[PDB]
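Shown here is one chain on its own, the form solved without ligand KAN, set out as structure tokens.
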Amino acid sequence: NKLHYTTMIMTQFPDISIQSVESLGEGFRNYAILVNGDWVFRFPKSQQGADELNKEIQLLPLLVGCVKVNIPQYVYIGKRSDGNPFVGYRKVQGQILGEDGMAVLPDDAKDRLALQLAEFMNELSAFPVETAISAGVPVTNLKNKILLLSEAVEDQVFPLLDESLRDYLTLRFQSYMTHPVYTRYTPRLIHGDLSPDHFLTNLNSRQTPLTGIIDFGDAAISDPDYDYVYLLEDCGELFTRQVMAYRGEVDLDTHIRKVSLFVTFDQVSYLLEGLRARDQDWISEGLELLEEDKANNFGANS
């Protein structure tokens, strides 16, 4: 409730003179409003959102000096009656790119974006892991996570699928588990939600089309390749290869094959969560995404 949000801001930060309040955006974890056209106030929607925010509160101050683009800097830190936090930060300027917006960038700008994104990812990968861990960033046991997923999928998802889709999923999980090249990695800090719905851009700039990056709630210590997952899903294979090349990846084919598997796993994880929530529209969406994934990977099987 936007009126209730305004009330908490006024009570806890009475010196903010509120002239305007509007809805700005919403995800699965947070509701965001814009105050005075300048300040984003972001309120967790769930205990999980609050736990992710507590991590961001500790991590983001450590990142600012290490990352070139702008990121949220929490200047106001509030508390709700249940004890969980909410935050206010100066709006990260620019227009949200979005999946739909990525397609139409002039190639010069696309290339500039690929370079900036490559540089951002390199700085995350360079951040000391123990420093992140001491700031409460969780360590993802990626191999065990995928093992557990494969089991939950066979049990809970397979009964909804036709035989061709079940065989496809069996093949994909087996591919990741069978080839040691895919499962050996040095753990690194990743953003964890690196998609164009979090890319703030200024299409009227040449050297720096990427203005900033938001939503660090999924930051984790994991396989750094996992940070390509939304680039491949939303921005496409060519773009992803361009970012990889700028980061100095010598084996593009192998790493694209690997990220593609992560994309499959993310899609089935999404469906599984929808299923557990008995959310019918979410399940329908998840099934469509799965069908699309299989079609996108025709021939990858052989």
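Sequential numbering from 1, following the sequence displayed.
As for the form deposited with ligand KAN bound, it is not shown, yet the points below apply to it.
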| Non-hydrogen atom contact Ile16 with ligand KAN in the entry with it bound at 4.5 angstroms | no
| query | If you check in the entry with it bound, is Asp197 within 4.5 Å of ligand KAN, heavy atoms only? | reply | yes
| message | Whether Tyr270 contacts ligand KAN in the entry with it bound should be assessed with a 4.5 Å heavy atom distance threshold; does it? | response | yes
| request: Tell me, yes or no, whether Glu291 is in contact with ligand KAN in the entry with it bound, where a contact means a heavy atom of each within 4.5 Å. | output: no
| task | Check, residue by residue, if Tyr185, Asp225 and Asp253 all come within 4.5 Å of ligand KAN in the entry with it bound, counting heavy atoms only. | result | no
| note | Among 226-234, 135-143, 78-86, 169-177, the stretch whose residues bring a heavy atom within 4.5 Å of ligand KAN in the entry with it bound is 226-234
| request: For the heavy atom contacts within 4.5 Å of ligand KAN in the entry with it bound, list the residues of 64-79 involved, in sequence order. | output: none
